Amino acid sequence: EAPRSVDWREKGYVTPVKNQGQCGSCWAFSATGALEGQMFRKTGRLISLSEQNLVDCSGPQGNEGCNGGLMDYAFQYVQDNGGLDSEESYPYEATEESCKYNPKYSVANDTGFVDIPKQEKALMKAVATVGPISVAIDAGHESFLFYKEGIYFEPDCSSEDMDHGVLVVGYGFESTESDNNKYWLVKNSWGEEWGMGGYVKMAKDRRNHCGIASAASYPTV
């Protein structure tokens, strides 16, 4: 099943890499990334969404602002809230502020989310059919912090204890690397100076490396 390569950037699903700065807001960037993709699918307009709106306002859903949160809680907030503001109307400050949500500037919405079954084959299918997917990974490693090029593979990685929300925008394979040659194409939120222009190729089909298939979901819009 599924194409041998997918890349939602080339279809215009994906906003430029952003930078969460010194705020534990990775979950919000992964969520706005998944939502940006699904709104684009619906409407043909690609609009950067407000991570700050999610940071300040999705407390009721269970999120903890700059201290952490889950993508599904963010999707739940957008639903509960009846909308989400744009990045330009509600810009990123990288700290906890009073919730400033103004429905007058809502440019997005959803009707819940879908959690993907915990298998890479299932992630493959969802990426191929739906668009960018929110995923969490065990990013807690020097080798990840200082990642720059190639297919990321970390022997001590965990498939069960993930700590970092990112966005899978596709998958592929190295004509270079073809032995364990496949990778997920992953949009991170640490600015463009990290990894490959802010992106990382995570090892694909290596028995759920770093837990990339263990917490995948997307908003239904």
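Don't overthink the numbering: it's just position in the shown sequence, from 1. We call the rigid core whatever largest set of C-alpha positions still superposes within 1.5 Å between the two forms.
The rigid core fit leaves 167 to 175 as the farther-lying stretch in 4 other deposited structures of this protein, judged by Cα positions and set against 167 to 175 and 27 to 35.
As recorded in the PDB entry, 172 to 180 is the stretch of 172 to 180 and 25 to 33 with the greater mean C-alpha temperature factor. For the pair 110 to 118 and 128 to 136, the mean B factor over Cα atoms is greater in 110 to 118. When the C-alpha B-factors of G191, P155, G69, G195 are read from the PDB record, the largest value belongs to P155. Across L49, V55, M39, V186, the entry's maximum B-factor at the CA atom is seen for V55. Sort the modelled residues of the chain by CA B factor and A94 lands in the middle third.
Ranked against the other modelled residues of its chain, the C-alpha B-factor of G165 as given in the entry falls in the lowest third. When all modelled residues of the chain are sorted by CA temperature factor, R206 is found within the highest third. Residue-level temperature factors show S86 in the middle third of its chain, judged at the C-alpha atom. Ranked against the other modelled residues of its chain, the C-alpha B-factor of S143 as given in the entry falls in the lowest third.
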